[PDB]
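For reference, the chain that follows is the form deposited without the named molecule, supplied as structure tokens.
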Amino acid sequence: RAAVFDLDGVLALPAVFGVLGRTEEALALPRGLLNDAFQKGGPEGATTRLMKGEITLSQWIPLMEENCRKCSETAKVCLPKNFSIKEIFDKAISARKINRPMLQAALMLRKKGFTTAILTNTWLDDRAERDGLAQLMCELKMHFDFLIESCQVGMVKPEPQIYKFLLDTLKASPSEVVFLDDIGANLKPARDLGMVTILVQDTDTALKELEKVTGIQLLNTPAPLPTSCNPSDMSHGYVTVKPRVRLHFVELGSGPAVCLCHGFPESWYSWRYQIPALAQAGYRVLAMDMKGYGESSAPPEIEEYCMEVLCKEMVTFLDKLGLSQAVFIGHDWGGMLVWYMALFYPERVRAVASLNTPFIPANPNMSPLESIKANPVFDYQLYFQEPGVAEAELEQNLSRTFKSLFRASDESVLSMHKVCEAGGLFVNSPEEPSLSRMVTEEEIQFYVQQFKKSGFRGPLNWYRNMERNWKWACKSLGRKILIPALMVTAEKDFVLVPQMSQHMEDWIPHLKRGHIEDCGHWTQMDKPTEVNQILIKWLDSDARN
């Protein structure tokens, strides 16, 4: 089945066309005058030339002016002193926003296997403010299989040929397609060809008709998840920071650079729900494969994964990309890394935020090993110390590893206490775990394929530098973090517990906080919507300025 949506008055409101009407009233012009001038000449008039791509919007403005003068002349009325078609359309175009419920329905239909398309009468926009529209189309168009624009195909609704062209690109028969439009005249040829047609006035009634005919719930459905990433559709970047070390990243959006740093044992892909949201919010997102992971290099030496070297390489990464600063947002081990970036390279850090991981200053009077002992839930970290032991258990069955790890707070385990005595992470774990509700089998297989390259040696080495990190961290014991900073705690992270962050204000006076209840350790995919809301509010506040 197929579903086809118009843009103006359907996926975007208010219909620019509906501004003519409101404008007429405001200026106290005769009803319909502006709409009349707009369509004047029908098939051979200025506006049809515009919609077929014969001329640009800026060439059209003067033509529209002329039609307005002729219409006012005929109607025996005068147009206002500073009457300006340029200004009127600027405002109408800018006012138009995405109709979220209609978009949501479109996403549901595609998710359930429909091929979807936007078919729109539109123009080539060369106005100085054309970027606003450019941004609208971009956001919408990514959610659809096809976008057919009159000005690119040289055809316009309601000409019968464009409907045949639609069916051809849909590779579907008319009876297999639903077509939604707010303009009855433009529906007729669709109906004539035999497709199901919906006349959109109010969105809710339209979606009622739409769910009735497709047999799929579209109205009053549960809150959808944020948009995710298809790895194959992303821009992949590669930067050599040292002769044998290259960092891979995925990049999306424009605006202030935002560098996302994942935890153990994860991937750039762990940010899949924030990447599109942050980009759409006006940021240039750079989601790293951290050293040891995925398409980034994974040298064997333990020392290659100490915080001092990892931080230095992140600075080099910025240097090579030509960035003086980025905002750094980290989760888990990535969260610890970003605190040290703030502490040692404040000049390069526009702002810093950590999910789950608190900033804990080094204790100069206690070995890090001792500190780890003094906390039952930290037992698995000692298990990780001896090279080879954990690698073997984690690498044995990768699908099992990730299905056991990536689980919501209710779906547990694992129980990271008494792991050493038990003799392993999964010693009490099923061979074939159920799939957690947070992930799909396909998402799990992505992580599986990523870890086939380098395995767990690199990732585990992040844990094998306790003494070295402690020494380096001690150098910072006189400092405070005084750049913009955000700490997000997760109620149900049973290792990185919210109370671990209780004293951070001592080191970070102006610290801002967020808190997510009913949220386990895997914050980004556990509660993506709330994560996105927290980060975006904080970015627009403390980074973007």
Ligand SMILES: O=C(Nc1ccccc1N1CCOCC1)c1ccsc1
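Rigid core: the largest C-alpha set superposing within 1.5 Å between the two forms. Just count from 1 along the sequence shown to find any residue number.
- Taking the rigid core as the alignment reference, the C-alpha atoms of 406 to 414 lie farther on average from the displayed form in 9 other deposited structures of this protein than those of the other stretch among 104 to 112 and 406 to 414.
- For the pair 497 to 505 and 481 to 489, the mean Cα B-factor is higher in 497 to 505.
- Remark: stretch with higher mean C-alpha B factor among 181 to 189 and 341 to 349 is 181 to 189.
- Of all the options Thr116, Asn397, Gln274, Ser296, the entry's greatest CA B-factor is assigned to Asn397.
- Across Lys164, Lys452, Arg130, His248, the greatest Cα temperature factor reported in the deposited entry is at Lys452.
- Compared with the other modelled residues of the chain, the Cα B-factor recorded for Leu414 ranks in the highest third.
- In the deposited entry, the Cα temperature factor of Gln59 sits in the middle third of values across the chain's modelled residues.
- When all modelled residues of the chain are sorted by CA temperature factor, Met51 is found within the lowest third.
- In the deposited entry, the Cα temperature factor of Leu511 places it in the lowest third of its chain's modelled residues.
- The PDB entry assigns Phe406 a C-alpha temperature factor belonging to the middle third of its chain's modelled residues.
Keep in mind that the form solved in complex with the named molecule is missing from the display, and what follows is about it.
- Take the named molecule as it sits in the entry with it bound, overlay the site C-alphas onto this chain, and none of its atoms lands within 2.4 Å of the backbone or a C-beta, so the site here is open.
- Mapping the unseen interface onto this chain, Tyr273 falls outside it, with no heavy atom inside 4.5 Å of the named molecule in the entry with it bound.
- Contact annotation: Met307 falls within 4.5 Å of the named molecule in the entry with it bound, judged by heavy atom distances.
- In the entry with it bound, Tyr463 approaches the named molecule with a heavy atom inside 4.5 Å.
- For the chain shown alone, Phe451 is not a contact residue for the named molecule in the entry with it bound, no non-hydrogen atom being within 4.5 angstroms.
- This chain is displayed alone, yet in the entry with it bound one of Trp470, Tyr447, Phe144, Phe114 has a heavy atom within 4.5 Å of the named molecule; that residue is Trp470.
- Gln381 is the sole member of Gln280, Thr197, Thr214, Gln381 with a non-hydrogen atom within 4.5 Å of the named molecule in the entry with it bound.
- Stretch-level contact check against the named molecule in the entry with it bound with heavy atoms at 4.5 Å: of 133 to 141, 250 to 258, 367 to 375, 69 to 77, the positive one is 367 to 375.
- Shown here without the named molecule, the chain has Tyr340, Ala362 in 337 to 362 lying with a heavy atom within 4.5 Å of that partner in the entry with it bound.
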